[PDB]
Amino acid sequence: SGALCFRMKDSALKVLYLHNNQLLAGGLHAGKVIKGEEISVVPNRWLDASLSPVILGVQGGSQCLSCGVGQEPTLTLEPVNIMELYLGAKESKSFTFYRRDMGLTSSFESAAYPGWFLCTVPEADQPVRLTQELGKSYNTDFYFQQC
């Protein structure tokens, strides 16, 4: 694949992981140590490299995060490989996020829906989602680590 394996957490250190094929943020209250889902953070050639466009995938890029096609965005995991996006076999814009590095952490803004950021809620082990409401309770900064 060539993609680098990433473990990521929010700034409150809740781990991003898969449960019933959903991306949850938590895993701090288990007996089992959970390391987190392997995240693919792959740059998008099909957009301008100015605001660091990336596509986020899980399970070795066999599934990718999308913001949908609707009037408002909605975070879902799609059975679309990171390869078919990269090779141009499928439209990638709803799969694209602008990455913003802020010191130790990074934030992800939907390219299809500006102002909407990949976020987590304060409540433990709830689905990762999107928000326009920055600061406050929604966590929009993420730590990144190679596995």
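Numbering starts at 1 and follows the sequence shown.
Given 27-35 and 60-68, the range whose Cα B-factors average higher in the PDB entry: Higher of the two, by average CA B-factor, is 27-35.
Residue range whose averaged C-alpha B-factor is higher in the record, 84-92 or 105-113: Per the PDB record, 84-92.
Cα B factor band for residue 44 (lowest, middle or highest third within the chain): As the PDB entry reports it, the C-alpha B-factor of residue 44 lands in the middle third of its chain.
Chain thirds of CA B-factor: placement of residue 130: As the PDB entry reports it, the C-alpha B-factor of residue 130 lands in the lowest third of its chain.
Lowest, middle or highest third - CA B-factor, residue 137: As the PDB entry reports it, the C-alpha B-factor of residue 137 lands in the highest third of its chain.
Residue 121 - Cα temperature factor, lowest/middle/highest third of chain: Middle third of the chain for residue 121's C-alpha B-factor.
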